[PDB]
Each structure stands twice: as C-alpha cells, then as structure tokens.
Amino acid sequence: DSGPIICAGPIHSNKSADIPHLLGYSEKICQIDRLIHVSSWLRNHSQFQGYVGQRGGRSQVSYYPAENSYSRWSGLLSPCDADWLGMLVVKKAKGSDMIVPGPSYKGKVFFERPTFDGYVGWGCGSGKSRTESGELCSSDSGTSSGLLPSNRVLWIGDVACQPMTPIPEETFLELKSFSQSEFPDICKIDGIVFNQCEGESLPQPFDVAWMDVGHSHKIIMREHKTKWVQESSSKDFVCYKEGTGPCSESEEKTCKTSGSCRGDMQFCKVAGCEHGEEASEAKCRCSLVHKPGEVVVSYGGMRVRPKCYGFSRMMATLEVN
C-alpha cells in the first residue's frame, strides 16, 4: 500500500551525478519517489554529496512516530514532498529551531518536522550523521558512499500535505482564537508566542493535531473532525511509460487534457482515454495515486481545506500555575 507512487527506489551509482530540474508533475513525483528531493535539499543546505533513499526510496523513509497512518498512502505528501512540488517550504534548521526529543536521530542524515510556523529540516554533510540526540552531526564512515539508505531520512509527524483552499485572515484569526481556547496552558510553541503567560516551563515535547492554513502559524487542534474527499483532480494522477518511467510535461499535459492516453478506471472516467489502436507507438498511461483524497478539517465550527494536516511532535512551553 505504501509502495512507490510511480518509480521503484533508485539505485544511484555516482554520488556526484547532477539532480536535474524536471518540469513534469509525474517527473517530480518520481524524484519524490526516489527521495531525490531530500537528496537535493541536503546538497543545497548541508554540504551533502550524493543521495539518500538509495534502494528504498520514499517508501522506506523513517518516521516519528513509527506507527504512521499517512505513510501507508504513498500518494499522501509529506512536507518534503510538498516542498519539491512548490506547495510549501521546508527550511534549513538554524540555532533557534528545537530538535524535539523522541525520534531515533542516531545516524540520521536528514530529519524534518513541522513547526508551529513552518517546516524545518536538519541536514548532515558528506560522511556525517546525527548523534542519538540529533543535536550534532558527527563523523559516520557508514555514510561515506554518499548513497544512503532511506532510513537515514526521518520525517517527523503523521503529516499530510495538499493544495489548500485559502481562507481570509479574519477566519484564521478566529481559528487561532479557538486554538488558544483549546490550549490555554500552552504559551510558546516552537519559540512562537501562542498564549500570553508571564511564566512558562522549559519547552516540552508537544504532540498535537494541527493544520497549516497558510497564515503566520499553524492552528493546533484538540477536538476536530476530518473528512477525506476524493477529488480526482489532475494532481491525483500520474502518467508513466510502464518501464520508461514518468512522461514529459508535454506528454503528461496531453494525457490530462486530450484524453488520448491510457488510464485506469478513475482516469478514463474523469479525463477520457483511448484503449486500442494506440496512435503513438509509445503512449503514456495515467493512474490514480494511492491516497484517501484531500482532507477537509472541521474545527471551531468551521470547515477548512488546509495546506497540511498533521499530528506531530512540536516544542511547547507550559504555563506556570
């Protein structure tokens, strides 16, 4: 169920091979399958040569916590996944970004977590990995190939990312106001003031449901309903050559607009498709990605389509009583 979306895991041979910018959605998803995006992130920010996700690709990334509802649906996008597709940004952790306790950081080369106001990734440079606490990168000869298995990657959180329906600032302000109401004893989350409490604890691990609705910070939630709507939009399909892999942006724009390519049931239903007498000797075939759909959060008497919906560990300070 949690296999690849489109591409079996990579077997890179050169850690110095360039990572190409691909325009095609099915191209980019294939990179996401091969954890080429995380490898890209690492090369960009962390003095990293090579790749993570060797052999195992995205389906084998480590998660915290390890029971992880959303990883079972390969087509559910983690923060790094959305970042590759331009939907959010996983920023490079700096000194003011708290590493949540809990995860097995040891030996990890990349981990990321949603934070109260964004998404933060920690990297390690070539031939280094993380200490058990994750505070430091230290030598690790076990990573000298620069082709690292997927378990050197840690995605913190049961997190799902999707195209949002933007909400007016006043709505977010109301959600924000409900969130404060539901968590009166949380003062700061991930350094960001959440409630006003002159008097607060050291930052504590904080596991919480939350949605990113595209404003200054996420809105954390206790009692809330979620609903998964299968929307069958063209982002929910992937177009490939069953062996030659994903199709060009032109090829995939054809299939999702002209209805002349091959496709599983849902794709022919919603975009049309031609079976038999393949006009092109090498035609493409689009299929639905394995995911429950788009999540609509009901919270504070409101319904939202958020950027991300997640349950994950953040750092919160507690009010002194």
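Start at 1 and count along the sequence shown; that's the residue number.
Looking at 90-98 and 171-179 together, the entry lists the larger mean B-factor for 171-179, computed on C-alpha atoms. Mean CA temperature factor is higher for 260-268 when stretches 50-58 and 260-268 are set side by side in the entry. Which of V296, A66, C284, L42 has the largest Cα B-factor in the deposited entry comes down to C284. Between the residues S126, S104, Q230, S74, the entry's highest C-alpha temperature factor is the one at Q230. Per-chain ranking of the deposited C-alpha B factor places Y240 in the highest third.
When all modelled residues of the chain are sorted by CA temperature factor, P306 is found within the middle third. Sort the chain's modelled residues by C-alpha temperature factor and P114 lands in the lowest third, per the entry.
Placement of the Cα temperature factor of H37 within the chain: lowest third of the modelled residues, per the deposited record.
Ranked within its chain, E249 lands in the highest third, by CA B factor from the PDB record.
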